[PDB]
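Line by line, the protein sequences are chains E and B. 1 is the number of the first residue of the first sequence in the entry's author numbering; add one for each residue after it. 1 is the number of the first residue of the second sequence in the entry's author numbering; add one for each residue after it. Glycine residues also receive a C-beta, built at the ideal position from the N, C-alpha and C atoms. Some notes on the structure that comes next.
2 protein chains.
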Amino acid sequence: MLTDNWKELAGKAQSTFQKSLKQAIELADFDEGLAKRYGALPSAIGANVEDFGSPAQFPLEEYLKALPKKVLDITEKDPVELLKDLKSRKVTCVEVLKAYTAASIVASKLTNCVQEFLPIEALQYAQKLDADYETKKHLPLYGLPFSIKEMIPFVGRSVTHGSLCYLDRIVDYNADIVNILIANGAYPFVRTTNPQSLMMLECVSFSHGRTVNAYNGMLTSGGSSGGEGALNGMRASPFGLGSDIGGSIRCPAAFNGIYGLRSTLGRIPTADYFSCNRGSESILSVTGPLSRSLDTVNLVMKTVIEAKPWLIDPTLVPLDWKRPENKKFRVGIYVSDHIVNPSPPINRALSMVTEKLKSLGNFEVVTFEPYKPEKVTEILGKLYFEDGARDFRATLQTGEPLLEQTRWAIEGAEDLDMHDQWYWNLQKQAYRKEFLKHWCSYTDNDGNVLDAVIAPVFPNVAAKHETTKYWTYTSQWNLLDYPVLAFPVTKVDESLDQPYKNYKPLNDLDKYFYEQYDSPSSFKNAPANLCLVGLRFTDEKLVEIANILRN
Amino acid sequence: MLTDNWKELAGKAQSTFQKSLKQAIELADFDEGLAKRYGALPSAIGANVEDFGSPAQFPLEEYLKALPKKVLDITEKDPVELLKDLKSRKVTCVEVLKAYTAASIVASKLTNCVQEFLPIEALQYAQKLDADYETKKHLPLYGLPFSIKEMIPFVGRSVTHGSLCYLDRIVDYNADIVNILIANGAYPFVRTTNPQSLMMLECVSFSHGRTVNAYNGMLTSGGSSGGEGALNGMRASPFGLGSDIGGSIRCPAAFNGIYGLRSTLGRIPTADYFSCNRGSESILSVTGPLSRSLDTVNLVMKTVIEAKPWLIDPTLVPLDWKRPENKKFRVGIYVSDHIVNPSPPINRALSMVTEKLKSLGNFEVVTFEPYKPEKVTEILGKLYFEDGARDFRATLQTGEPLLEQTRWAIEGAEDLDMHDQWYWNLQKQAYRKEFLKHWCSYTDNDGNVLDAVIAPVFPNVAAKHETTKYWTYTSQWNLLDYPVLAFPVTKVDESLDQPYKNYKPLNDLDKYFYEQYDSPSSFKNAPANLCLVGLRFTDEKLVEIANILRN
């Protein structure tokens with residue numbers, strides 16, 4: 001690592017971004033009308049990484065007004081549909097790159113979701129893909145650009161996960177999943193922001209400033225894949241890759257009203273990502289796609305898994321990506337863990353999705369009760385930072401300040417002795433086994449297991465900054481390693497989502513979240529998403545049920 | 001102005017307040033004990049600007065219990081005495097700022113009297129005042145913080161007078177009176193609340209909610225300088241600057257049992273304040289200080305006038321602030337205007353003050369009769385809103401609701417033709433001339449004019465919400481532009497202040513105010529104040545007579 005003063009390093013980070021932003025504008029080739037509107041947009045980028053600017057109230061509305069038909073006709077197109085145009089040559093690989101580059105630039109200024117553009121290598125990828133049209137026409141993602149979280153290695157770049165001390169950590173390789181996607185006709189064109197330590201459900205770092213929600217600029221984008229949620233919520237990327245060890249894929253997707261899949265560990269390669277606590281295996285992160293488009297989520301998983309990634313990454317299981325043949329479904333609704341109750345907008349989403357499933361004949365819908373959700377915090381309290389956060393704190397030798405959200409994640413971290421880790425590994429495996437028995441207790445008399453559970457992603461829609469003080473609605477499924485797909489349902493409705501009256505809080509933490517929901521106007525136009533949870537390796541059931549819920 | 005929906009804007013206003021509240025708490029640096037008691041105080045701030053919370057029964061009692069010795073030893077000290085401590089350096093400017101900031105926070109939660117704290121610039125002010133101690137110790141207000149009504153421009157801030165549509169009206173300058181006070185060693189540290197339209201003797205707006213009385217949380221703070229009256233009634237500010245066009249300095253001062261000077265127009269600069277009807281000159285507002293200290297009111301007046309403000313504001317008169325040379329006094333008592341009789345607490349305040357002046361040999365005391373007080377309503381009914389309230393109603397284009405109190409002030413407003421204004425300007429000047437003839441009819445055989453008149457500020461102590469339906473006891477002296485000093489006398493006494501028996505009302509409006517005074521318990525602990533009225537530019541006589549009335 002580095003030991004220079006952090007203010008100098010933040011400058012170096014800003015320079016890298018500004019250097020890539022300059023090259024991107026050249027690639028995008030604005031006409032004067034757009035250059036004018038772009039110049040006049042409210043920015044979530046400040047003068048320094050501690051200055052958070054003055055973001056728009058509805059960044060997405062500003063985005064749709066600012067960008068021309070020449071761009072939106074491509075970036076607003078569903079990526080699976082756009083792949084048809086790229087295949088039939090109604091649109092060029094370079095043409096698509098130019099539009100999405102322009103979109104990401106406008107998205108970058110409005111939400112601060114881009115850490116580094118990749119226009120040099122992206123133009124080379126897109127140019128040769130056009131030249132090779134006849135031989136690569138058949139590839140399943142031919143011509144499609146995509147975004148990658150900054151923690152994902154890309155050739156010749158620093159990989160820092162937001163820590164300034166790692167700005168000299170250059171890799172000469174791509175992540176396995178990136179090379180696989182390139183082998184299938186795609187290419188990365190932008191690197192998205194990630195926060196300090198990665199262990200916050202928001203997106204603040206001293207490498208980029210603060211990332212904000214795509215639908216309401218006063219709220220967080222979520223985290224840790226906050227850039228990914230914002231960029232793909234603005235539909236300025238066809239899809240992106242994030243990571244999820246505590247909700248870091250599903251929380252951004254839910255806050256920005258798009259799809260995000262925490263895929264089951266052992267399906268797609270993620271270990272070559274960079275994070276804190278490298279070599280820690282007690283609790284493992286997973287990767288997975290975020291996209292505006294469910295069909296795009298499904299196609300990336302299918303494309304990656306059909307490339308047989310277990311022949312490059314031996315931690316992976318050779319299990320085909322297969323659409324389920326189920327005609328009937330048994331589904332549970334997780335109304336609350338009875339520790340922190342959901343805010344009205346989430347509560348209405350649960351009823352909406354419940355009533356829709358009941359209206360289809362082939363769904364049996366039951367209430368799903370929690371199982372010792374307090375044990376999630378206790379076990380993850382010992383295993384997230386099992387070295388007592390020594391590795392993370394060493395990143396602060398530059399003088400880099402400790403963010404308030406990071407404080408929550410590392411407070412109480414013990415430096416575990418080997419026997420302490422063994423104790424909590426046994427606690428971890430026992431809880432997983434107990435929870436499976438809980439899930440199977442919902443099997444019916446004929447032996448039909450629960451296919452999926454519908455649950456909140458968070459006790460609320462996109463949070464106000466520095467208030468993501470409860471993780472269980474996402475970290476529960478990291479402790480269990482269950483596949484979870486966040487999906488859209490509705491938006492805040494000011495008539496329907498007034499605060500609960502005569503509410504009696506369940507505890508101090510529940511009271512905090514109740515008071516956080518002061519009125520729906522504080523979360524105007526914020527998406528209310530939910531998630532589908534399945535047993536391990538049932539990812540595809542979740543996609544199929546999400547398909548039905550959106551038709 | 002703005003045209004966004006008003007609920008979004010109320011959000012931005014609350015956000016501005018809440019972000020500055022966060023910064024104020026860090027400046028004050030609560031210890032664990034104060035943070036605990038503060039957190040558990042009953043709040044007059046709601047979840048939204050239409051939810052008024054549940055204020056304490058006696059906010060001042062809770063304020064004195066909640067704050068530590070380290071703060072109260074400063075904020076309860078008379079500011080003129082505190083200036084000696086600041087001059088001799090027994091206390092630092094930063095120490096005084098920290099204490100009063102802490103006091104204003106507790107006062108803000110208990111009464112809802114703060115619109116925006118100013119801790120960033122105040123810390124800069126206090127720090128450089130400490131650094132410049134040797135060169136600036138000689139200044140007359142060295143080290144003293146003060147509060148300013150939100151309508152008073154301060155650098156870098158929006159100036160809205162409570163209207164949500166003006167939240168983007170940012171100023172790059174201070175008001176003249178602020179700069180003059182800074183030149184003499186003072187600095188502003190908090191901006192206080194003001195109501196919709198500014199034309200109510202209460203303090204309700206869609207920028208802040210509802211402001212309540214410092215002595216009884218069920219009653220109004222008064223208005224329009226309601227924030228100043230509550231904050232200074234809690235002695236959480238050394239003094240404040242308000243405005244007075246219809247009673248808006250004396251009504252807050254009287255309701256909260258402190259001093260408030262409506263200075264003669266043309267002595268102290270006020271024109272650069274913001275209100276509705278900018279450019280209207282038929283009836284002009286004035287400014288002046290509010291404080292718990294009579295000596296502090298006098299020193300502020302003396303300080304600003306000795307700065308020769310007519311060399312910055314050419315509407316002002318070069319008339320020195322001079323203590324009067326009087327040995328005898330001739331004083332009139334205004335028991336009633338015979339349209340609305342005062343309630344028992346006010347009538348007892350009049351008796352107390354009469355007997356005290358009569359017991360001193362050098363005061364001649366006579367009864368003072370009204371002169372066509374009905375004409376006040378008639379003339380001000382045409383000149384307060386001479387454009388037919390078009391300028392104010394244009395503020396409600398955001399959908400911001402019209403408050404009941406604002407409704408009273410704008411009902412019946414005509415859009416005057418130039419000739420109509422000429423007609424009513426003549427009525428105004430004739431009434432002023434006639435009234436002077438009335439006042440001089442009290443001159444004695446030797447030619448000694450009446451030096452001052454003692455009158456109610458309102459037909460009662462601090463009113464119940466939405467009942468301030470009679471203005472003449474203050475607006476009479478705005479039509480005439482006479483200086484008036486509100487001053488404390490007594491408090492409600494439940495034995496002495498029972499409702500009048502066998503009362504016969506004078507008219508429907510008198511009946512309404514009689515029924516409002518249901519029992520002294522409805523106004524428990526409410527200060528009963530009066531005011532001193534003088535001829536134009538005799539402000540100092542009013543200060544000197546108040547000095548005697550307090551011993």
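* Are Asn112 of chain B and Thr193 of chain B close, meaning C-beta to C-beta below 8 Å? -> By one-based count along the second sequence, residue 112 of chain B stands at place 112. By one-based count along the second sequence, residue 193 of chain B stands at place 193. A Cβ-Cβ contact shorter than 8 Å links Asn112 of chain B with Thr193 of chain B.
* Would you check if the distance between the CB atom of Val484 of chain E and the CB atom of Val449 of chain E is smaller than 8 Å? => The residue given as residue 484 of chain E occupies position 484 in the first sequence. The residue given as residue 449 of chain E occupies position 449 in the first sequence. The answer is no: Cβ separation not under 8 Å.
* **Among E:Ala131, E:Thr395, E:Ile148, E:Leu416, the one whose alpha carbon lies nearest that of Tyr142 of chain E** => Locating residue 142 of chain E in the first sequence gives position 142, where the first residue counts as 1. Of the candidates E:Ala131, E:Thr395, E:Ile148, E:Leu416, the one whose C-alpha sits nearest the C-alpha of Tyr142 of chain E is E:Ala131.
* Asked: Quick one: complete alpha helix (DSSP H) runs, 4+ long, within the stretch 103 to 136 of chain B?
  -> 119 to 131, 133 to 136
* Taking DSSP as the reference, what is the three-state secondary structure of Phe487 of chain E? -> Here residue 487 of chain E corresponds to residue number 487 of the first sequence, with the count starting at 1. In this structure, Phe487 of chain E counts as strand in the three-state DSSP scheme.
* Asked: How would you call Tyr173 of chain B, buried or exposed, if buried means at least 16 neighbouring beta carbons within 10 angstroms?
  -> Within the second sequence, the letter at position 173 stands for residue 173 of chain B. Burial call: exposed.
* First and last residue of the uninterrupted alpha helix (DSSP H) at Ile548 of chain B -> Residue numbering aside, residue 548 of chain B sits at position 548 when the second sequence is read from its first letter. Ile548 of chain B -> alpha helix (DSSP H) spans 539 to 549.
* To do: Taking only beta-carbon positions, decide if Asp313 of chain E is within less than 8 Å of chain B.
  => The residue given as residue 313 of chain E occupies position 313 in the first sequence. Chain B, which has no Cβ nearer than 8 Å to the Cβ of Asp313 of chain E, makes this no.
* To do: Please list, in chain order, all residues of the same chain as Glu228 of chain E whose beta carbon is under 7 Å from its beta carbon, the five residues on each side excluded.
  => By 1-based counting over the first sequence, the position of residue 228 of chain E is 228. Excluding residues within five positions, the ones whose Cβ falls inside 7 Å are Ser147, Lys149, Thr192, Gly240, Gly242, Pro252, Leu290.
* Closest to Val91 of chain E by CA distance: which of E:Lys70, E:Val106, E:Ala107 is it? -> By 1-based counting over the first sequence, the position of residue 91 of chain E is 91. Of the listed residues, the one whose Cα sits closest to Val91 of chain E is E:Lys70.
* Asked: With a cut-off of 8 Å, does the C-beta of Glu8 of chain B fall near any C-beta of chain E?
  -> One-based indexing of the second sequence puts residue 8 of chain B at position 8. For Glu8 of chain B, at least one C-beta of chain E is nearer than 8 Å to its own C-beta.
* To do: Could you tell me whether the stretch 295 to 304 of chain B touches the stretch 73 to 85 of chain B, using the rule of 3 or more Cβ pairs below 8 Å?
  => At 8 Å Cβ cutoff, the stretches touch.
* So, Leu530 of chain B versus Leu360 of chain B, is the Cβ gap smaller than 8 Å? -> Here residue 530 of chain B refers to the residue found at position 530 of the second sequence. Here residue 360 of chain B refers to the residue found at position 360 of the second sequence. The answer is no: Cβ separation not under 8 Å.
* Any C-beta of chain B sitting closer than 8 Å to the C-beta of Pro499 of chain E? -> Looking up residue 499 of chain E in the first sequence gives position 499. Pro499 of chain E counts as touching chain B.
* Short check: CB of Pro188 of chain E to CB of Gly226 of chain E, under 8 Å? -> For the purposes of this step, residue 188 of chain E is identified with residue 188 of the first sequence, where counting begins at 1. For the purposes of this step, residue 226 of chain E is identified with residue 226 of the first sequence, where counting begins at 1. Not in contact: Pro188 of chain E and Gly226 of chain E (Cβ atoms no closer than 8 Å).
* **Closest Cα partner of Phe435 of chain B within the set B:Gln476, B:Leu380, B:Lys469** => By one-based count along the second sequence, residue 435 of chain B stands at place 435. The option with the nearest alpha carbon to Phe435 of chain B is B:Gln476.
* Asked: Closer than 8 Å, CB to CB, is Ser521 of chain E near chain B or not?
  -> Counting from 1 along the first sequence, the entry for residue 521 of chain E is found at position 521. At least one beta carbon of chain B lies nearer than 8 Å to the beta carbon of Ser521 of chain E.
* Given a cut-off of 8 Å, decide if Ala44 of chain E and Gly53 of chain E are closer than it, judged by their beta-carbon atoms. => Position 53 of the first sequence, counting from 1, holds the residue named residue 53 of chain E. Position 44 of the first sequence, counting from 1, holds the residue named residue 44 of chain E. Contact: yes.
* With a threshold of 16 other CB atoms inside 10 Å of the CB of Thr474 of chain E, please say whether the residue is buried or exposed. => As a position in the first sequence, residue 474 of chain E is number 474, starting the count at 1. It is buried - the Cβ of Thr474 of chain E has at least 16 other Cβ atoms within 10 Å.
* Asked: Would you say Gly11 of chain B faces chain E, with C-beta separation under 8 Å as the test?
  -> Within the second sequence, numbered from 1, the residue matching residue 11 of chain B stands at position 11. Output row for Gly11 of chain B: interface = yes.
* Start and end of the beta strand (DSSP E) containing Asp244 of chain B? -> Stepping through the second sequence from its first residue, residue 244 of chain B is reached at position 244. Residue range 240 to 244 is occupied by the beta strand (DSSP E) that includes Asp244 of chain B.
* What residues match up with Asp387 of chain E in a beta bridge as DSSP calls it? -> Here the question's residue 387 of chain E lines up with position 387 in the first sequence. E:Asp415, per the DSSP bridge assignment.
* To do: Classify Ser158 of chain B as helix, strand or coil using the three-state DSSP reduction.
  => To locate residue 158 of chain B, count along the second sequence from 1; it is residue 158. Strand, per DSSP.
* **Residue environment, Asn232 of chain E, which counts as buried when at least 16 other CB atoms sit within 10 Å** => On the first sequence, position 232 is the one that residue 232 of chain E refers to. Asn232 of chain E comes out buried.
* To do: Return helix, strand or coil for residue 571 of chain E, following the three-state DSSP convention.
  => Absent from the structure is residue 571 of chain E, since the part of chain E shown begins at 1 and ends at 551.
* If you compare alpha carbons, which of B:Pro342, B:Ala175, B:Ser521 is closest to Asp510 of chain B? -> Within the second sequence, residue 510 of chain B is the residue found at index 510, counting from 1. Here the closest residue by C-alpha is B:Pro342.
* Asked: Nearest CA to the CA of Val335 of chain E: which residue from E:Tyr442, E:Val317, E:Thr367, E:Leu299?
  -> In the first sequence, counting from the first residue as 1, residue 335 of chain E sits at position 335. Per the Cα distances, E:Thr367.
* Quick one: is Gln57 of chain E near chain B, going by C-beta distance under 8 Å? -> Counting from one through the first sequence, the residue named residue 57 of chain E turns up at place 57. It does: the Cβ of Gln57 of chain E has a partner Cβ on chain B nearer than 8 Å.
* To do: Would you list the residues sitting across from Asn232 of chain E in a DSSP beta bridge?
  => Here residue 232 of chain E corresponds to residue number 232 of the first sequence, with the count starting at 1. Residue pairing from DSSP leaves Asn232 of chain E without any beta-bridge partner.
* To do: Decide if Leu319 of chain B is buried, meaning its Cβ has at least 16 other Cβ atoms within 10 Å, or exposed.
  => Here residue 319 of chain B refers to the residue found at position 319 of the second sequence. Exposed, by the Cβ-count rule.
* Length of the line joining the Cα atoms of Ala486 of chain B and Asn179 of chain B -> For this step, residue 486 of chain B is matched to residue 486 along the second sequence. For this step, residue 179 of chain B is matched to residue 179 along the second sequence. When rounded, the distance between both Cα atoms is 26 Å.
* Asked: Could you give the C-beta distance for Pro140 of chain B and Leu299 of chain B, rounded to a whole number, given that I count them as a contact under 8 Å?
  -> Taking the first residue of the second sequence as 1, we reach residue 140 of chain B at position 140. Taking the first residue of the second sequence as 1, we reach residue 299 of chain B at position 299. So it is a contact: roughly 7 Å between Cβ atoms.
* Any C-beta of chain E sitting closer than 8 Å to the C-beta of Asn112 of chain B? -> Taking the first residue of the second sequence as 1, we reach residue 112 of chain B at position 112. No, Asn112 of chain B lies away from the interface with chain E (no Cβ there is under 8 Å from its Cβ).
* To do: Spatial neighbours of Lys137 of chain E within its chain, please: CB distance less than 7 Å, with the 5 preceding and 5 following residues excluded, ordered by chain position.
  => Reading the first sequence from its first residue, position 137 is the one you call residue 137 of chain E. These residues qualify, in order along the chain: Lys87.
* Asked: Given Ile25 of chain B, which residues of its chain have a CB within under 8 Å of its CB, disregarding the five upstream and five downstream residues?
  -> Start at 1 with the first residue of the second sequence, and residue 25 of chain B comes out as number 25. The residues are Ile105.
* DSSP beta-bridge partners for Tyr259 of chain E? -> As a first step, residue 259 of chain E must be located in the first sequence, where it is residue number 259. Beta-bridge pairing links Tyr259 of chain E to E:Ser291.
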